[PDB]
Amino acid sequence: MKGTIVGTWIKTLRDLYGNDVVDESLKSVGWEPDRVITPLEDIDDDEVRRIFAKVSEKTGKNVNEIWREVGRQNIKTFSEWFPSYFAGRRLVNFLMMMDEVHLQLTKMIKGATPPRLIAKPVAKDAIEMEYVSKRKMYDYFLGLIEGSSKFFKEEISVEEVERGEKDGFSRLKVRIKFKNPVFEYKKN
């Protein structure tokens, strides 16, 4: 996982569950409880999973509920630390640019495996968005969508059309409906 983002997860974990739960979880994979992850670092996915396992053991919540909660809250953390991704955007634009953002922010990394998040309009008031990634982080993806709706104060309905593995990649396709029209037909 890219260091920058893992750093957001640590703050978000503090904001959700408190410093003692977080310090002890980090200590438990042998990190400095106060480690600051730089953009010069990448973090092994499995260390992150062990950190979240410890958070689940200490809070009594299942680890998927933790990811879902972290996805929701991490939007606010992103809006504080990387505000230029939010500045003067609406929810629909923010969502449709995510796939590109995720490529741009990992293109400097040798052998990068960003999640793909391709979105396409399927109706005047709805898009489809498909998460595709080896990492299987379905709750984090859903929680980020939920968090995005909260941050932008735009209500959506989220239908999970399908979820499963295909050719070694986890995939989750959702249909996101907005309260008003957001697309119109135009000459292609």
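Start at 1 with the first residue shown and count on from there. Here the rigid core means the biggest group of C-alpha atoms that line up within 1.5 Å when the two forms are laid on top of each other.
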| item | value |
| --- | --- |
| More variable segment, 84 to 92 or 106 to 114 [Cα RMS over structures in 6 other deposited structures of this protein, core-superposed] | 106 to 114 |
| Between 159 to 167 and 144 to 152, the one whose CA atoms sit farther away in 6 other deposited structures of this protein (rigid core aligned) | 159 to 167 |
| Higher-B stretch (mean Cα B-factor, as the entry records it), 29 to 37 or 133 to 141 | 29 to 37 |
| 4 to 12 versus 177 to 185 - greater average Cα B-factor per the deposited record | 177 to 185 |
| Among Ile75, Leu103, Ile118, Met108 - the residue whose C-alpha B-factor is largest in the record | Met108 |
| Out of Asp42, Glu146, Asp45, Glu65, highest CA B-factor residue | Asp42 |
| Third of the chain, ranked by Cα B-factor, where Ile127 sits | middle |
| Among modelled residues of the same chain, the CA temperature factor third for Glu154 | highest |
| Cα B factor band for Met96 (lowest, middle or highest third within the chain) | lowest |
| Entry-reported Cα temperature factor of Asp23, expressed as the chain third it lands in | lowest |
